[PDB]
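Following this: a sequence and the matching experimental structure.
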6 protein chains.
Amino acid sequence: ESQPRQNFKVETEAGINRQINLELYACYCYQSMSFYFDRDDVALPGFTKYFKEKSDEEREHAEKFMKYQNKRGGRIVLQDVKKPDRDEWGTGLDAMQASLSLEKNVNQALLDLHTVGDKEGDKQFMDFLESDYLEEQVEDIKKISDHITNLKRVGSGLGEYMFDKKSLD
Amino acid sequence: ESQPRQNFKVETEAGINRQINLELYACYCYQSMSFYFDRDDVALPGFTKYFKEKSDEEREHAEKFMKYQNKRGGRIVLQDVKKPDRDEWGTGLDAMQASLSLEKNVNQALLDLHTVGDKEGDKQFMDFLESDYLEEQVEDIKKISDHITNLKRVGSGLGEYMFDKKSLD
Amino acid sequence: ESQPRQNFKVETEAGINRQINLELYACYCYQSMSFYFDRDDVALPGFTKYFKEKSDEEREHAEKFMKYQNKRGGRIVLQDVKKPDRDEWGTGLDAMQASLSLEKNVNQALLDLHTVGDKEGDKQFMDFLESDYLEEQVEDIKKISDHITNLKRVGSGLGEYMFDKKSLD
Amino acid sequence: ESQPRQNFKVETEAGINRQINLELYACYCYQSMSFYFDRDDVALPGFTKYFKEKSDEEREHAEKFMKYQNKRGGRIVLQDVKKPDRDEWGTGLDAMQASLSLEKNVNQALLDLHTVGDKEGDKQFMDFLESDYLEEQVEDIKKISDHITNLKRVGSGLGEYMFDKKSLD
Amino acid sequence: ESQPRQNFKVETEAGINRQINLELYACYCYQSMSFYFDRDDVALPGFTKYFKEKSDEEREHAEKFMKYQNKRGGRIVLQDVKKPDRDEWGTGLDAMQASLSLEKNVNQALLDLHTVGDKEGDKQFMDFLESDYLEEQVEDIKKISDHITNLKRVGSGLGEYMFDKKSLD
Amino acid sequence: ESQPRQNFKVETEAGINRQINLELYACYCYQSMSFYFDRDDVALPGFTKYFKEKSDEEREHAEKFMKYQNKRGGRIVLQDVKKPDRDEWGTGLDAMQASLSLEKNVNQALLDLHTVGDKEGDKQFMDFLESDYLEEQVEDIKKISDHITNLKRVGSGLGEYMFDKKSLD
Ligand SMILES: [Fe+3]
Ligand SMILES: [Fe+3]
Ligand SMILES: [Fe+3]
Ligand SMILES: [Fe+3]
Ligand SMILES: [Fe+3]
Ligand SMILES: [Fe+3]
Ligand SMILES: [Fe+3]
Ligand SMILES: [Fe+3]
Ligand SMILES: [Fe+3]
Ligand SMILES: [Fe+3]
Ligand SMILES: [Fe+3]
Ligand SMILES: [Fe+3]
Ligand SMILES: [Fe+3]
Ligand SMILES: [Fe+3]
């Protein structure tokens, strides 16, 4: 049993390992989305920058979980991170919709992870999830929903172009 | 169902809406208290400033709840904010006592709101309440209790005058 | 009779108290409008910021009246501030239209309040209303009319999006 | 019943008082460890500085609990803080091992304290423990485990000397 | 016999160890006093700050003795530091009176410790006590006496409140 | 055929896509290595930092390839990035050895990729590989070889500890 290990159950440890993979998968999806919008026939640099930052955030999410795994004395077990479910992400609206779905799936997995720590009485892990993940997920999800609304509002073509310039830096 | 909505129950949404009204009511009470102490026959500017700041805090509390309501995909439903239960707030000690009672009622409503999010497994909402409201309520309640003790200590007249100058900026 | 009281009639005092409530109601409406545009399915942050500032202005209007009430030796009597007449404010154009109607109703109430001070020979109150309220109302009303014209000009969709970005900070 | 007291159970109050003593005991242990490594026949100044800082941290932990006790309207009841269980702490590795054991015992007591606040529905206290104690305990425990690993890695003699210089400031 | 040991008698070493405990006990008393005045039904923040600083001073006194013990080649032997003789410290005047009594008891113990070093011809220890403890004790005792006089002068209630603000930062 | 596409053969495009995956795999390996050395029973922070930076470099390598893919009008096709071939990386020497092997495999794949661009007369791609990848690979490989030599030189235990401190920041 590892030296730091205390109130840290195997199922909590395993859940963090699955969440790590999921965070890495999200990072991969955003990375795919970013360079999708960098395609010359897409060429939306706001979306490219936005998803690249999103990708880096998910990388941070994964690594913070790996860091946390080690903090608690769990052992990081990495899995294949699957290629994202699409190669092309449609319009800015489609990608933002796909991002919302992605973030909601990550959020659900985080809430499921919280339930694991909750049922195991892992008080520290629960607060770690709450403070470091659940809040950001809620912010991200609201933010992406806002983007989806605006991408619907502005419409295709010039609207999507303007959204790229005005809603994303 | 709204785009961000996830693990966000209707009763949690409704509880936030009641809490919004309660925060607005507290803001209104403090506002009333502030201008009560600005009456020429009261004329305690520390108390005026103190309750004005308290009022602005409660406004922030309400708006942070409205913001949070939207973040989770709830729909803000506003109600009449009732006029405060008094028009005149007695002495500084009386107002501080009334403020304590007010903050404890807000605190209880927040704890009741936490129970709603708790029973609904709303992990994010619980941490939002804890981090953003429960801690401040506990600080505020301790702080007002301290003020009440000192207002009792100093007594009426010059004591209340000195408290106004020395305990409130 | 309060110490400052001089050339300050009961009807002027009562009119200020009604105006306070009206200013608070306007503050509430703008607050509702602000968080309406913060809804994920509205998501117009310029409108959110704009109405939040408008809301804070009306709060200032109310408090300046409460302050003034006390200055003249009147007694602030607070009433329920009613919930705004809508929960949802339609489009940016609709909200701006509703804001115009609101500001014109506040303006009329202010002009009615001026008539009260006028008929009571309350020279100071009249100038207070003129300098501190009537001018701003006229500026606000012109400004909102301009916004309404531009929101009509730009049309729904991308136009409303662009207006949000370009006419509101 | 004290003025701030609200949702603050006697068993939570009593648990904080025991935890205060435990934090003070940990502060005492670290203090003992610090001056142990300041012995001329030990003379490891990194370990001295490290445990002195650790000691001050535990003092802060105790005082933050006393502060919190008062915030909630509990009454601090102090007990004898027992002398640490050793007068001499062996090698740097031994002291670090003893520190790990100490921090894990404090951590368990904190987790037990959380369970008390949890079972009493003390939502604020739980978040206070989580935010202010459980996270730091997890960081500390991981950090001490790392130190123990490195002290094992470097071995006695020069290794312990180098660890003192390179892993502790 | 330890390497630094020279003109350092066992009774001097033992006296330093008792004085360490006494300094720690004083630190504990002041700590108790500090958070006593932080009670919501006491709420004197000057007294809280004052005794917290006093507490930290006694901690420094203890540690300087532990440091000195090691400097001379003595071995620090820690004992239980007893809980302070009261849980509640009465009025500011009572606490200041109790502090005077405490400091005079510490001072007497220091003078007794000086006699031990004196009779053992421990010239360095005597000067260490004189320079580092006896002078501060005399300053502290005079200072606390002054406070007691002023707390008597100002009386209960507002006087104690004013003393808290004006004589203690 | 994409708008930028010119002198950009399908096999060059496909080779970049495989190299992207390989760069991502290397990034994953380094990430695994980094948090391996962050294990409490490994606890080598230089190695953790070193491999984290290495990981970020490989991420940059992958993304620069994705960017380049798009620049030439190729289409990024992502694949599963496989979990690294080990979960635990042994000693610092073992990890550095594994890193060398990894970098040499990436280097060979890059040289194979260069041959593809070479045989296709892709003059720009060749120079892109040379300037942006081959040089860094050669620097990295030399640098890791140096580290391996020094990790062999210093030996296990304190040596590995010292290497962690002195050869890695
Ligand atoms: Fe994530
Ligand atoms: Fe995200
Ligand atoms: Fe929490
Ligand atoms: Fe509030
Ligand atoms: Fe409050
Ligand atoms: Fe107004
Ligand atoms: Fe207005
Ligand atoms: Fe502690
Ligand atoms: Fe600790
Ligand atoms: Fe002392
Ligand atoms: Fe003293
Ligand atoms: Fe002398
Ligand atoms: Fe690479
Ligand atoms: Fe490399």
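The structure has been received and is ready for your questions. Numbers count the residues shown, from 1 in each chain, chains lettered A, B, ... in the order given. Ligands and ions are numbered 1, 2, ... in the order given.

my guess is residue A:12 contacts residue A:116, does it?
Yes: Residue A:12 is within contact range of residue A:116, at 5.5 Å (criterion: Cβ atoms under 8 Å). C-beta coordinates here come from the backbone N, C-alpha and C atoms, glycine included.

which residues are in contact with both of these two?
Common contacts of residue A:12 and residue A:116 (Cβ atoms under 8 Å, 6 or more residues apart in numbering or on different chains): residue A:122.

Kindly provide the distance from residue A:56 to ligand 11.
Going from residue A:56 to ligand 11 by Cβ to the ion, to the nearest Å gives 54 Å.

Residue A:60 now?
Applying Cβ to the ion, the value for residue A:60 to ligand 11 is 49 Å.

And the residue of chain A found nearest ligand 1, which helix or strand is it part of?
Per Cβ to the ion, residue A:61 is where chain A lies closest to ligand 1, at 3.3 Å. Secondary-structure assignment from DSSP states H and E places residue A:61 in helix A:45-71.

Show me what that helix is packed up against.
Helices and strands touching helix A:45-71, by 3 or more Cβ pairs under 8 Å, 6 or more residues apart in numbering or on different chains; DSSP states H and E, are helix A:10-37, helix A:92-119, helix A:158-166, helix D:135-154, helix F:10-37, helix F:45-71.

how about the ones you listed, which one is nearest residue B:143?
Closest to residue B:143 of the helices and strands packed on helix A:45-71, according to Cβ to Cβ: helix D:135-154, at 25.1 Å.

relative orientation of that closest one and helix F:158-166 in degrees?
With axes from the mean of the first three to the mean of the last three Cα atoms, to 10 degrees defining the directions, helix D:135-154 sits at 130 degrees from helix F:158-166.

Output the contacting helices and strands for helix D:135-154.
Helix D:135-154 is packed against helix A:45-71, helix A:123-129, helix D:92-119, helix D:158-166, helix F:158-166, with contacts defined by 3+ Cβ pairs under 8 Å, 6+ apart.

do that again at 10 Å, thanks
Under the contact definition 3 or more Cβ pairs under 10 Å, 6 or more residues apart in numbering or on different chains; DSSP states H and E, helix D:135-154 sits against helix A:45-71, helix A:123-129, helix D:45-71, helix D:92-119, helix D:158-166, helix F:158-166.

Which residue, other than its chain neighbours, is closest to the one residue in chain A that gets nearest to ligand 9?
Of all residues in chain A, residue A:4 sits closest to ligand 9, at 12.7 Å by Cβ to the ion. Spatial nearest neighbour of residue A:4, excluding adjacent residues (Cβ to Cβ, 6 or more residues apart in numbering or on different chains): residue A:73 at 3.8 Å.

same question, residue A:158
residue C:158 (6.5 Å).

rewinding a little: doesn't residue A:3 make contact with the residue nearest to residue A:4?
Yes: judged on Cβ atoms under 10 Å, residue A:73 makes contact with residue A:3 at a distance of 6.4 Å.

residues shared between the contacts of the two?
Common contact partners of residue A:73 and residue A:3 (Cβ atoms under 10 Å, 6 or more residues apart in numbering or on different chains): D:141-142, D:145, F:39-41.

Could you dump those residues into JSON lines with neighbour count added?
Putting the shared contacts of residue A:73 and residue A:3 into JSON lines (neighbours: other Cβ atoms under 10 Å in any protein chain shown) gives the following:
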{"residue": "D:141", "neighbour count": "24"}
{"residue": "D:142", "neighbour count": "24"}
{"residue": "D:145", "neighbour count": "26"}
{"residue": "F:39", "neighbour count": "25"}
{"residue": "F:40", "neighbour count": "24"}
{"residue": "F:41", "neighbour count": "17"}
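
Compute the first-to-last residue distance for stretch A:32-49.
In stretch A:32-49, first residue to last residue: 12 Å (Cα to Cα, to the nearest Å).

near ligand 2, which residues of chain A?
Proximity of chain A to ligand 2, by Cβ under 5 Å from the ion, involves residues A:103, A:140.

Now with 6 Å, please.
Applying Cβ under 6 Å from the ion, one finds that chain A approaches ligand 2 through A:54, A:57-58, A:103, A:140.

quick one: which of the residues you listed is most hemmed in?
Per-residue neighbour counts (other Cβ atoms under 10 Å in any protein chain shown) across the residues of chain A next to ligand 2 peak at residue A:103, which has 27 neighbours.

Tell me the gap between stretch A:155-164 and the middle of its chain.
Here stretch A:155-164 is found 25 Å from its chain centre; the criterion is Cα atoms, centre = their mean, to the nearest Å.

Which positions within that stretch qualify as buried?
A:155, A:159-164 (16 or more other Cβ atoms under 10 Å in any protein chain shown).

and the one residue in chain A that gets nearest to ligand 6, what does it touch?
For chain A, the residue closest to ligand 6 is residue A:146, as judged by Cβ to the ion, at 29.2 Å. By Cβ under 10 Å, 6+ apart, the contact list for residue A:146 reads A:96, A:167, B:3-4, B:70, C:38-45.

go on, residue A:105?
Contact analysis of residue A:105 by Cβ under 10 Å, 6+ apart lists A:22, A:25-26, B:6.

cool, and residue A:40?
Contact analysis of residue A:40 by Cβ under 10 Å, 6+ apart lists F:2-5, F:70-74.

Which residue would be the closest one in chain A to ligand 14?
residue A:59 (17.2 Å).

Just give the closest residue to that residue, not the sequence neighbours.
Residue A:59 sits nearest to residue A:27 (Cβ to Cβ, 6+ apart), 4.5 Å away.

how many neighbours does that neighbour have?
23.

That one and residue A:75: what is the separation?
Relative to residue A:75, residue A:27 is positioned 21 Å away (Cβ to Cβ, to the nearest Å).

Equivalent analysis for residue A:8, please.
Using Cβ to Cβ, we find residue A:8 at a distance of 11 Å from residue A:75.

what does residue A:23 give?
In terms of Cβ to Cβ, residue A:23 sits 17 Å off from residue A:75.
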